[PDB]
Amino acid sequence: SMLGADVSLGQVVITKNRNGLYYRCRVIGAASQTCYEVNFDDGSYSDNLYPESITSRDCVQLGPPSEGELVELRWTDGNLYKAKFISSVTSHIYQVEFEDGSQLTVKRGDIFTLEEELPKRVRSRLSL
């Protein structure tokens, strides 16, 4: 959900358009994304797992597993695998609109509020 979000709908923020220059733009959309972090038995891992893919537990109804718990999941290949659950992460993603009418979907890390200190990288390439 949008609980804990530090950016609101209608707020003016600064972000890089694909042209490399930074502009003032308006927040037109906002959404949350919840991903699980797991370590697969094959020695690899994921920080983007869909909570619905866990088959050993009904995570949508009962909530996430305990940290360190061995779980069973169904991978994108349609096969069952076991993995160690590590953590659950919820992040906030926004949609912005520039003065020319073009739009972009951005992570919170790529936007700057009009109150925070802008790095020199941003300040030198900032438009009027």
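Numbering starts at 1 and runs along the sequence shown.
Asker: Quick one: say whether 113-121 or 19-27 has the higher mean Cα B-factor in the deposited entry.
Answerer: If you average the C-alpha B-factors of 113-121 and of 19-27, the larger mean comes out for 113-121.
Asker: Tell me which stretch, 30-38 or 54-62, has the higher mean Cα B-factor listed in the entry.
Answerer: Of 30-38 and 54-62, the stretch with the higher C-alpha B-factor average is 54-62.
Asker: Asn48: which third of its chain by C-alpha temperature factor?
Answerer: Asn48: CA B-factor falls in the lowest third of its chain.
Asker: Sorting the chain's CA B-factors, does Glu72 end up in the lowest, middle or highest third?
Answerer: Middle third.
Asker: Where does the C-alpha B-factor of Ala5 rank in its chain, lowest, middle or highest third?
Answerer: For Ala5, whose C-alpha B-factor we compare with every modelled residue in the chain, the answer is the middle third.
Asker: Report the third (lowest, middle or highest) to which the CA temperature factor of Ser102 belongs, ranking only the modelled residues of the same chain.
Answerer: Lowest third - that is where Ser102 ends up once the chain's C-alpha B-factors are sorted.
Asker: Within this chain's modelled residues, let me know which third the CA B factor of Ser88 belongs to: lowest, middle or highest.
Answerer: As the PDB entry reports it, the C-alpha B-factor of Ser88 lands in the highest third of its chain.
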